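One-based numbering, in listed order, for ligands and for the atoms of each. First the proteins, then the strands, lettered A, B, ... as listed; each starts at 1.
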Amino acid sequence: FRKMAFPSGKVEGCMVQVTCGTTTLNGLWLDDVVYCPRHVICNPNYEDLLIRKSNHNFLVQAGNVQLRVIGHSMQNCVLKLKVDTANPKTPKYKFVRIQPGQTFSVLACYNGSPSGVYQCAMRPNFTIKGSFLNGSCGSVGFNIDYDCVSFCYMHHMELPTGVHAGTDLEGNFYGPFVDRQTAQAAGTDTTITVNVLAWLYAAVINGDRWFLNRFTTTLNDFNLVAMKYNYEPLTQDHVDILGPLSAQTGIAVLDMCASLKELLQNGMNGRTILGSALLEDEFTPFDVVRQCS
Amino acid sequence: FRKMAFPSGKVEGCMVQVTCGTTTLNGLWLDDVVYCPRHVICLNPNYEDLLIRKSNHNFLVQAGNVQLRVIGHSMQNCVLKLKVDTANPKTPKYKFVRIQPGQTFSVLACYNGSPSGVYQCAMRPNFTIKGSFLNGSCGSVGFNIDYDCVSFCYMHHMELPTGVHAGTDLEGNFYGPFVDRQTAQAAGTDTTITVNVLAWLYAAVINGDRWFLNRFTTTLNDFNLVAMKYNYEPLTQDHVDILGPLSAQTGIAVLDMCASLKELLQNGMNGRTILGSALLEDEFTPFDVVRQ
Ligand SMILES: *[C@H](O)[C@H](C[C@@H]1CCNC1=O)NC(=O)[C@H](CC(C)C)NC(=O)OC1CC2(CCN(C#N)CC2)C1
């Protein structure tokens, strides 16, 4: 199994740079709106900072071509700059707010120019482990379903521990973070249980099934046990997204939970699963199906 | 640290679907030529004979919801070249390159001429690649980007019984001793790309991971004796030179990192992990580590 990003071309066609004074970050140009982190305008009072701004103070560029700003507004932590040109490369798109544990592709950009693409999992504490250098703010995270781009992340900051935090495309942070340059702590991270379960299903699909036990369990039982091992509690949505893999294998989700509970309490007893002594938690049920099928 | 592919947009604009008979795979449309694996034309295939028997009209080439008219065809090594009557307006600046083993490249995996995923691969010393390629992936390409120029280095042809993959450059020459016939083929013994493992250990130190460092040291030759024993590639002096920037940046001499790797090979990691991995990783070049 490989971490595999979506092809980035449809998002590349939407990347621009936004500059206030000397401060440049990336923006997302969809139809006639450019979306970018509000801290391009800088414990700040963003509303009073924004009131002082006029359209003509914002430099928006696609490459070296200026896009004239004709309106500006703030939605939570994102600035929306209305521009006078509809992006001819606008894909079919939606804005979605993902759940922790879900994965997405990031197009890392600097000065509006893409540098690389890679897959991220959002940790249960709402941080991501990116590759985000200075000037990466406004880089976006996305999934692609058919020809529809689902934008789910916009990058804003790095935490003291080196992980990253940002918002959805409506400007609402993932996690208990603010776009102030203050010291901020993420919750203690946990292992993404639903993704480990997906991984075990993937092992079964490939014929590696020694760890399957003859018992089952309750979701509450598992969640109480799993908390002792630094595993995220399962939600009903988690059970639901395992449905296709459960159907593919005939193994009930709660039967797989019992198998995982046994692995956690007893360990691997010297064995490997998919050729690894470590359980993997960065592949979602969707990722497993994409790469097997 | 993180495996990072090049942005794939310039390659996406070149992918088309090619069908002959009941066989469908991907092609690369640059200017007015579509490049694809010649096994689209079909256990011992005489491709020259099968090719003489094909008509231009036998080849169904689609760029999305548009058929492209094949006005000509030829074969260079294991690559079929279909001349079409329309030039691809999205053709980027490009070159065809043959990569060296241990170098890396991005793969745009495609099915039915539609891009599905992008990821980073290395050309293994035994000239296989560890890809994620399913039925219908043939003709997917590998590439690097330098400035705005796309350097195409790989086109996908086959899977080996061990689950690794083999293909050609865009001139149609296989990497490795493989043949485009439907036989189970084994690769040579693979070996580990030492200079990349060292680059990755330096990446681990930059990210604050340093439990594996030691005060021990070693000569280049004594390192290489132990490396070869564990089926690692010998480290050349040019590879030492290539590691210079990461050495400067960390203040850890290349041969000091070699001494740490020797200890890792001899003992193991004893449950410990490096950058999250129970295994020593060898598909990051020095350049890949520096650029990031
Ligand atoms: C072209 O799309 C296809 C891609 C292969 C098919 C599935 N994954 C791939 O990479 N290439 C071929 O079908 C190729 C044509 C000949 C070289 C003319 N033949 C091929 O790759 O055969 C493979 C199947 C194989 C046996 C089953 N194994 C297991 N488990 C792995 C490899 C030999």
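- At least one heavy atom of B:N135 lies less than 4.0 angstrom from ligand 1.
- Side-chain contact annotation: A:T216 with A:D255, donor-acceptor N/O pair under 3.5 Å present.
- Using a 30° and 60° split on the angle between ring planes, A:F142 and A:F6 fall in the tilted class, from 30° to 60°.
- At under 3.5 Å, not a single nitrogen or oxygen of B:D180, backbone or side chain, sits near a nitrogen or oxygen of ligand 1.
- No side-chain donor-acceptor contact under 3.5 Å links B:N196 and B:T285.
- Residue contacts with ligand 1 include B:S137, since one or more of its heavy atoms lies under 4.0 Å from the ligand.
- Between B:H156 and ligand 1 there is a heavy-atom distance shorter than 4.0 Å.
- For A:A202, the side-chain contact (heavy atoms from CB on, under 4.5 Å) test picks out A:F1, A:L274, A:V288, with sequence neighbours left out.
- Contacts of B:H39 with ligand 1, taken as heavy-atom pairs under 4.0 Å, involve the side chain alone.
- B:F127 is linked by a ring pair (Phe, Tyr, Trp, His ring centres under 6.0 Å) to nothing, counting only residues two or more places apart in sequence or in another chain.
- When only interatomic distances are considered, the shortest N/O to N/O separation between B:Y47 and ligand 1 does not fall below 3.5 Å.
- Where the criterion is an N or O separation shorter than 3.5 Å, residue side chain and backbone included, B:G163 fails it with respect to ligand 1.
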